[PDB]
């Protein structure tokens, strides 16, 4: 008997653990369709051109490695709020906001919750869609907040259950926290329509709840970053002071570098200064200050007219590609002879596809086809190549035949 004898072995991550299990498979035809990591048409990681360019300038400017402020890189931060909010935003213009650099999306979401457990006097509950990204549960629970749920998807229909959502939401106690996916919901691949959003904003505004936005995919729903912040902006413009988390891990391909942020919309700029000091007090004892490499890069790209230009054209490129993957998939499905309707493949948006497959099926994929996915039927359509789509379609078809 020592110190950690009583420590159990916990199981691998639902999402991240799949990469592990993949990594160990010997088959030449493996497919990593678990984590949402974008592949090129060659089946290779893709590091944006504007990111490669961005580095080079960093390299060439012979930059120091001194410590950032608790809050991050002022140019990154500001540009982040601006990307989310928009330049003509009142929010932004009056600077009634506070942006804090963070360890990518997760790091932001966490910091946010931490902030919430401290300061959000009103409630301890956080409502999340049914379903939602695996990770949101732990993040919030570990932060010391309660979790709840609101209806969201209809597996029967392979679409949004707006009637249900509305019921639920409408019954959420006043001043509670409600998590909303800004765009390209994970893992569904379905977002409310502009009209439905307007509705939610009504209810949310009426019942006076807290709207926490998780935006890990700006530009990946529509391929437009603007279009993509529509709902988040509307809410703001409707008068609802939201809090939000942003990740550049995917839209800018800075997965490993960890560039993200956490934002709080306040009444006044004073309020902001205040909320800021608290968040610094909160981060410091968590990791002191944030990683500088990705922030620099992003900072550089958002703030340089020519890289921001190049950036958008590259973002559209990846969505387009994901698009061409859904398509071709569905096609290879029919050509394999699939009896079933795979419409939801092309109708869903984002990186994934929530196909409806059952567990043995997933099992089957892995085991016979060395096709990696989450046990929920969710594949990562972005990790598919022109070179492997027929195989997957094959495999999906057989295990489903």
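Rigid core: the largest C-alpha set superposing within 1.5 Å between the two forms. Numbering follows the first chain given and starts at 1.
Of the two segments 316-324 and 230-238, the one whose CA positions lie farther from the displayed form in 7 other deposited structures of this protein, once all are superposed on the rigid core, is 316-324. Relative to the displayed structure, the C-alphas of 363-371 lie farther away on average in 7 other deposited structures of this protein than those of the other candidate, with 40-48 and 363-371 compared after rigid core superposition. As recorded in the PDB entry, 123-131 is the stretch of 123-131 and 107-115 with the greater mean C-alpha temperature factor. Higher mean CA temperature factor between 221-229 and 154-162: 154-162, per the PDB entry. The top Cα temperature factor in the record, among 141, 206, 280, 171, falls on 206. Per the PDB record, 14 has a higher Cα B-factor than any other of 383, 14, 377, 10. For residue 309, the recorded CA temperature factor ranks within the highest third of the chain's modelled residues.
Among the modelled residues of its chain, residue 246 has a C-alpha B-factor that falls in the lowest third, as given in the PDB entry. In the deposited entry, the Cα temperature factor of residue 274 places it in the lowest third of its chain's modelled residues. The entry lists a Cα temperature factor for residue 193 that places it in the highest third of the chain's modelled residues. Among all modelled residues in this chain, the alpha-carbon of residue 53 has a temperature factor (C-alpha) in the middle third.
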